[PDB]
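Here we start with a single chain on its own, the form deposited in one PDB entry, put down as structure tokens.
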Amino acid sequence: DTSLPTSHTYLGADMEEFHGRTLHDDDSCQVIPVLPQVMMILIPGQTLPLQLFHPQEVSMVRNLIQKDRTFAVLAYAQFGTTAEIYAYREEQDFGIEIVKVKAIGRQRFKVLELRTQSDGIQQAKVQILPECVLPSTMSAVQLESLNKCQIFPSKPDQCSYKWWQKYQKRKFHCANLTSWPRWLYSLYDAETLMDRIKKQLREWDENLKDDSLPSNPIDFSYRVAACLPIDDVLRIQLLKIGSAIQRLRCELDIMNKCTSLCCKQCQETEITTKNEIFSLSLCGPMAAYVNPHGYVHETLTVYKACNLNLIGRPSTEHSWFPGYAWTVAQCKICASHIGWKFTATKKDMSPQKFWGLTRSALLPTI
């Protein structure tokens, strides 16, 4: 099953859920709390689980659940992402009022000012960045008489050269009215770029369903960026870009260029290659999970790993993937904590093994 990992059941069974949506209009100045223990570059639509133990962060999250259920995660800063709380639970753990929460990245923003507070709730003066939505590139170059031939009968040879050649010929027929060919405009079309990205994802996951990916270019681009094995600078660059088409083109370029991931400590030892990536979760090949002590790691799932060594015996005490037992794993050259190996508890389960590597210890290479 691929739905279990996103449930984050390892945290707890029951947690109060808030299905409401809190949105901030664009180019609007807000004052938002800042979480001190989150350095992650939260992308919109990415799930952030947290287990707060600090005496003051408990109070701040209590105030948040009281009002607007939203906080900020700075892109450690000049940019950051707002996170909206959606699951909540209290417990008495470690002898402290511990608060287990789950939130979702919602909006990007630019930092205008960071002012501390008496209680310690660092307030950020936040500017909500916009999502630049452009019309079809043929919108300015179009014939009214052909407006009928813009909606196509179906999307069933099929899903191959035939349909896409017809799509290019029909939706970009007016390229001849300009100095540029049709195949050029094909490079700045949301649909074609999304289809190519979907082809790449299917190459990664042979069991990929079309319904699992958003049909909206903005959401699709954000999900793709969230699931790529990339570094922090490229994450910042992708967040900065406000146009969906530009983000999709950048993602395609990165996917073409990226080849392997090395040890961020050694810097010359390869652990895995992009072709071995696979998705065990609807969220994607990479997802964020909290350890028993509340800290967050971005784990990427692969069939195989290179130059890895394991310590201990597989256990299911706090496994992020139900039905699987984890063993701590590290790069044998330096022993740095690269991730874990998950093995099947049962025998009639597919797959019988895989690996999960934390992005914080992986350096992409070109």
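One rule holds for the numbers: they count along the sequence shown, beginning at 1.
The discussion below concerns the form deposited in another entry, not included here.
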Between the rigid parts turning between the shown form and the other one, which of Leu114, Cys258, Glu90, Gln168 is at the hinge point?
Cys258
Pin down for me whether the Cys227-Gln265 Cα distance shrinks or grows in the other form relative to this form (closer or farther, change of 3 Å or more).
closer
Shown form as baseline, in the other form, CA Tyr88-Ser315 shift of 3 Å or more puts them farther
